[PDB]
Amino acid sequence: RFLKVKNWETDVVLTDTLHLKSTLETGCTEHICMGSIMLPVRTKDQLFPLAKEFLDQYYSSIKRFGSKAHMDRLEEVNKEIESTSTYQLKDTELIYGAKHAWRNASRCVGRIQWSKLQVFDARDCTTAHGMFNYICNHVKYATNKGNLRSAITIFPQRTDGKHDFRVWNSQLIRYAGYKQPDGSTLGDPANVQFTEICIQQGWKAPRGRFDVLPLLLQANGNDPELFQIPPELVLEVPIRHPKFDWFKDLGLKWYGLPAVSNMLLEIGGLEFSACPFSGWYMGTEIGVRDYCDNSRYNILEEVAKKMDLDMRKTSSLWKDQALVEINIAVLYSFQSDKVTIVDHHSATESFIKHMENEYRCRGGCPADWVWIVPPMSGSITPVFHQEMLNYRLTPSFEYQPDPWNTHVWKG
Amino acid sequence: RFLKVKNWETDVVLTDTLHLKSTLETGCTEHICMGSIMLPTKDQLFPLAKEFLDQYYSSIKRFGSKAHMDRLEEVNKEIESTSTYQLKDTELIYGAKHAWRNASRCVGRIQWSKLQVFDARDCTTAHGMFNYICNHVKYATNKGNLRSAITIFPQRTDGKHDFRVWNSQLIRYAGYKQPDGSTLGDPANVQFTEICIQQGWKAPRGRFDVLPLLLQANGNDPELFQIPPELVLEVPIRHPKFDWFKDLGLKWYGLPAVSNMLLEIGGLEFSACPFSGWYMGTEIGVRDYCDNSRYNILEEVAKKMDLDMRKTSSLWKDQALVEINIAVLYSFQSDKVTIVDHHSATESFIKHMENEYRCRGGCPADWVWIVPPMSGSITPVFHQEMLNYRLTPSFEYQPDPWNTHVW
Ligand code: HEM
Ligand code: HEM
Ligand SMILES: N=C(Nc1cccc(COC[C@@H](CN)OCc2cccc(/N=C(/N)c3cccs3)c2)c1)c1cccs1
Ligand SMILES: N=C(Nc1cccc(COC[C@@H](CN)OCc2cccc(/N=C(/N)c3cccs3)c2)c1)c1cccs1
Ligand SMILES: C[C@H](O)[C@H](O)[C@H]1CNc2nc(N)[nH]c(=O)c2N1
Ligand SMILES: C[C@H](O)[C@H](O)[C@H]1CNc2nc(N)[nH]c(=O)c2N1
Ligand SMILES: [Zn+2]
């Protein structure tokens, strides 16, 4: 079966066959589309087919499909599964797997970069202190004094589900949030629950608006332990505007390194529950979502006040005006400090070129429109006009439940 | 089978049961989501008739009464006999309102119950269609205090006697390719514009020429009619702070009126069913004015603003976009022509969804269409999970008539 997608601005038509290799479910059926829903121990039985499918993919990519090395590797993995109930990936397979999970991430607009990913193998790690050391090294490498480099650090895989490695942080670097008795929030409201956990575990909270949270790290199914990232490794950018000199006095800043730490990486049926990964920001992530969401820093009013916009009616588009200025400020600030960032015009144009390249060489590129289209100025980016097909390929990044909801406390 | 949708801004969670009534298919499967794809007998008709009459009699709280049973028998008799049937006025009105209510791509459905239905099923010629259309235009425009309306022409019979409005909307602007290579006016309408010329329209070859109506009665060849200019309310576009804006020479029409869709009620097909409401400001300012393949004025406006167009990261496109949209709203508001901004329309839609979840068990909604084409995440609909499914009565797409028609 062939499926076509059209770009309605250019009339370019592309043909998808890669969807035929999809196994996992979408959430949709013939009677209902769930495309806007945010979230829609293995036995030997299910494991060897998953391992085989993955090794067949790996061996094809290196132009060795059906070779003696391919056949010997399948036999070796098969015996390892039936003897030990699991198996270990070779370094080369781990690298390929992590890169492909990114390549397959249908919600990711930055995938033109997928083949440039520094993979740190942390599968020899045994303790939380060991995890802290690996994570510091990743942060220092990825940061590279502002010239950001994409990276992933991969801790040991799941075994019986009772010895999981987990980073409890949603991101390696994030600001604390504090609910006040009067119901207001100091800092980032998205992180209130996690901040509370940290405090309970012994963190002394400075209680400011931009306090970098400590790492809360779980090795081998043990209780997690707190560590403070050395401040000298946390690169931050004060936010100012190129024309409006009062903008600096809003007291805003953000961190340069976006580093997701709560997802699960699936490669060949193996589950890596701690696999923090980092790249760099698209400007709207900070300026639209982090700053202007009502449930986040929520600065629109204060900015519109200072611009002296007409706030008596929504039809003045005061919110839209303030939004663009804040986003100009974020890009200006990062650029001025030589910290890598990409604007939403450049990022989406590159994604369209990536997607076309993937249709030609790979036969497809799964993409989630709801996520790929930026949260401002949607239709003046080329992705708004691009039809996309969403389907799930492995290797993959997946959601997993928050560890405080599942952890068995040892005491 | 019972499904939950969450608003991630407010934590409000709604439970959908209405999807279980859905009958038609979505395009998606368990392996592939096609949510962003723009277009995915006698024996056939009685179940469709019965399904509809069942919801109608339930709506007036007379489900399983003598009048309900008698109606089902009567229609059953009429299909057996004639191979089709006729809707009562009350059913036609209910069906049209529900076709809007069920339109999953429409952010304006809080209004669904206030629809004026003009029954044009007695119409027999293109001149008659022109008359009904003029009356609809005048009624809906209401000197700028716009009122929602639909005009329903005779239903399909054997399919060789179709009523069609060839126009995509009742009021739209001409598009012309030039030797120059550029496009004068609206590039979306170049092909239709040339069909009109081919049929004998005398185009003035300007930027904003209202197209003639091309009307097909009873499967006959379509005919041209100019809408009286006095019935076409237009708005010159100016900006409340920038004096040079008016120099761009921009205007738009007040009445959005879709004329190329098919209304399905109770298995019957109404292939000419022009409907109108009023504009959300972004339709004109973001899409009509700034789409690359439309009037595409972003460059010219940015220049008059003297923005740094060297680098995309200055957000010059974005700045220009906001100002164009401020101007569209200001112009309509100043001239007292109904318009709604994207903030107001999306807030109303969230209130409508809550009403429908409470009173009906759900509200089919297509997030890709409902979220406005600018400032998405600062509108509440961005944060609202939506389930999309197909209920009937419905509006559907149909092939353009020039590809079908036998001359
Ligand atoms: C290199 C620069 C990168 C940029 C500018 C980029 C940009 C983005 C953006 C804007 C999103 C949507 C985020 C949101 O709204 O919260 C996203 C999602 C995602 N990205 Fe990329 N990305 C990049 C690199 C990567 C890398 C290196 C990985 C993995 C190795 C990756 C995996 C993903 C995944 C798994 C998601 C979806 C998360 C979810 O479903 O919640 N990204 N990225
Ligand atoms: C009263 C004011 C109304 C407003 C402000 C409104 C707003 C909208 C908007 C903004 C769209 C998206 C259009 C686009 O992007 O091209 C839409 C789609 C739609 N609307 Fe409404 N609408 C209103 C009344 C109505 C009425 C009266 C009907 C039918 C009787 C209706 C049926 C639809 C349908 C069928 C679509 C989708 C068309 C498609 O899928 O191509 N609308 N509406
Ligand atoms: N509860 C909410 N959100 C939510 C709940 C569960 C899951 C999710 C999934 O999105 C999580 C998001 C934001 N927290 O993850 C951040 C993210 C993921 C991927 C890429 C991101 N940005 C990047 N640029 C990169 C990071 C690493 C490499 S590139 C940023 C979101 C809310 C929504 C609205 C208000 S609160
Ligand atoms: N070829 C393209 N698009 C396309 C092709 C086929 C079908 C479609 C579907 O969209 C049809 C759109 C306009 N194109 O219909 C207009 C419409 C429909 C419904 C509501 C609209 N606005 C209103 N406010 C109302 C009208 C009537 C009552 S309210 C406007 C779109 C293009 C994309 C970019 C430039 S052209
Ligand atoms: C490819 C994509 O589905 C297409 O560009 C859609 C996106 N969302 C839209 N939303 C609305 N309201 N109107 C449109 O024409 C479109 N176009
Ligand atoms: C309900 C809806 O799916 C949700 O708000 C989504 C919409 N699109 C998004 N797109 C991105 N990139 N990130 C997000 O968090 C979201 N949120
Ligand atoms: Zn779907």
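1. Structural notes on the pairing of strand β2 (residues 13-16) of chain A
All names here are of chain A.
- The side-chain alternation of β2 yields one buried face, formed by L14 and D16, and one unburied face, formed by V13 and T15.
- Across 4 bridges, strand β1 (residues 3-6) lies against β2 in antiparallel orientation. Paired with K6 across the bridge in β2 is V13.
- Counting the residues in the hairpin turn of β1 and β2 gives 6 residues, including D11, whose phi is positive at 60°.

2. Structural notes on the packing of helix α1 (residues 42-59) of chain B against helix α2 (residues 66-82) of chain B
Residues and elements named next belong to chain B.
- At a minimum axis distance of 10 Å, the contact between α1 and α2 shows a crossing angle of 160°. Relative to α2, the element α1 lies roughly antiparallel. At the point where α1 passes α2, the crossing takes the right-handed sense. Every residue of α2 that contacts α1 at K42, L45, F46, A49, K50, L53, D54 and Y57 is listed here: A67, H68, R71, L72, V75, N76, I79 and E80.
- Looking at the contact of α1 with α2, its residues break down into 9 nonpolar, 2 polar and 5 charged.

3. Let's talk about the coordination of the iron atom of ligand 2
- Within the protein, just one atom coordinates the iron atom of ligand 2: B:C106 (SG), at a distance of 2.4 Å.
- Along the chain, B:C106 falls in the loop between α3 (89-101) and β3 (116-119).

4. A closer look at the coordination of the zinc ion (ligand 7)
- At the metal site, the zinc ion (ligand 7) is ligated by A:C28 (SG), A:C33 (SG), B:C28 (SG) and B:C33 (SG), and these contacts range over 2.3 to 2.4 Å.
- Relative to the metal, the 4 donor atoms surrounding the zinc ion (ligand 7) lie at angles of 100 to 120°, and the coordination shape comes out tetrahedral. Of this pair, A:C33 sits in the loop between β2 and α1 (44-61) while B:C28 sits in the loop between β2 (13-16) and α1, placing the two residues on different chains. With respect to burial, A:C33 and B:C28 carry one shared label: buried.

5. Focus on the site of ligand 5
- All residues in the neighbourhood of ligand 5 are listed as A:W369, A:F384, A:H385, A:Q386, A:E387, B:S36, B:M38, B:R287, B:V368 and B:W369.
- Around ligand 5, the nearby residues trace back to chains A and B.
- Contact between ligand 5 and B:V368: a nitrogen atom at 3.1 Å from a main-chain N or O atom of the residue.
- At a separation of 3.0 Å, a nitrogen atom of ligand 5 approaches a polar backbone atom of B:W369.

6. Section: the domain arrangement of chain A
Residues and elements named next belong to chain A.
- When the domains of chain A are assigned, the result is domain 1 (16-123 + 150-160 + 264-278 + 348-372), domain 2 (124-149 + 164-235 + 399-403) and domain 3 (236-258 + 281-346).
- Distance from the C-alpha centre of domain 2 to the C-alpha centre of domain 3: 25 Å.
- Between domain 2 and domain 3, roughly 1,700 Å² of surface is buried when both sides are summed, and carbon and sulfur atoms account for 54% of that area.
- On the domain 2 side of the contact with domain 3, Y175, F210 and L235 bury the most area, a combined 35% of that side's loss.
- Where domain 2 touches domain 3, the interface holds 1 salt bridge.

7. Quick word on the pairing of strand β8 (residues 215-218) of chain A
Residue and element names in this part refer to chain A.
- Burial of β8 is two-sided: the residues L215 and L217 facing one way and the residues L216 and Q218 facing the other way are all buried.
- Where strand β5 (residues 166-167) lies against β8, 2 bridges are found, and the strand directions are antiparallel. Along β8, the bridge assignment pairs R166 with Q218.
- Where β8 and strand β9 (residues 225-227) come together, 3 bridges link them in antiparallel fashion.

8. A closer look at the site of ligand 2
All names here are of chain B.
- Inspection of the region around ligand 2 gives 17 residues, with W100, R105, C106, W278 and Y397 positioned closest.
- Within the contact set of ligand 2, a nitrogen atom lies 3.4 Å away from a side-chain nitrogen or oxygen of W100.
- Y397 is positioned such that a nitrogen or oxygen atom in its side chain is 2.6 Å from an oxygen atom of ligand 2.
- Residues that form the shell around ligand 2 fall into these classes: 12 nonpolar, 3 polar and 2 charged.
- Mapped onto the domain boundaries, the shell around ligand 2 takes at least three residues apiece from domain 1 (16-121 + 148-158 + 262-276 + 346-370) and domain 3 (234-256 + 279-344).

Definitions and limits used
Residues numbered from 1 in each chain as written, not as in the entry; some residues may be left out. Chains lettered and ligands numbered in written order. Heavy atoms only, no water. Buried < 20%, exposed > 50% of the residue type's maximum accessible area, 1.4 Å probe, protein only. Helix = DSSP H or I, 4+ residues; strand = E, 2+ residues; numbered from the N terminus. Pairing = 2+ DSSP bridges. Axes fitted to C-alpha atoms, helices over the stretch in contact; angles between N-to-C directions. Parallel < 35°, antiparallel > 145°, perpendicular 65-115°, else oblique. Left-handed = near helix turned anticlockwise from the far one by under 90°. Contact = heavy atoms within 4.5 Å. Nonpolar A, V, L, I, M, F, W, Y, C, P; charged D, E, K, R; others polar. Donors = N, O, S within 2.8 Å, 3.2 Å for Na, K, Ca; no water. Tetrahedral: all angles 85-135°; square planar, octahedral: opposite > 155°, others 65-115°. Near = heavy atom within 4 Å. Polar contact = N/O pair within 3.5 Å; in protein donor to acceptor, adjacent residues only side chain to side chain. Domains from an automatic or database assignment. Buried area = accessible area lost by both parts, 1.4 Å probe. Salt bridge = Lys/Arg side-chain N within 4 Å of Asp/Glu carboxyl O.

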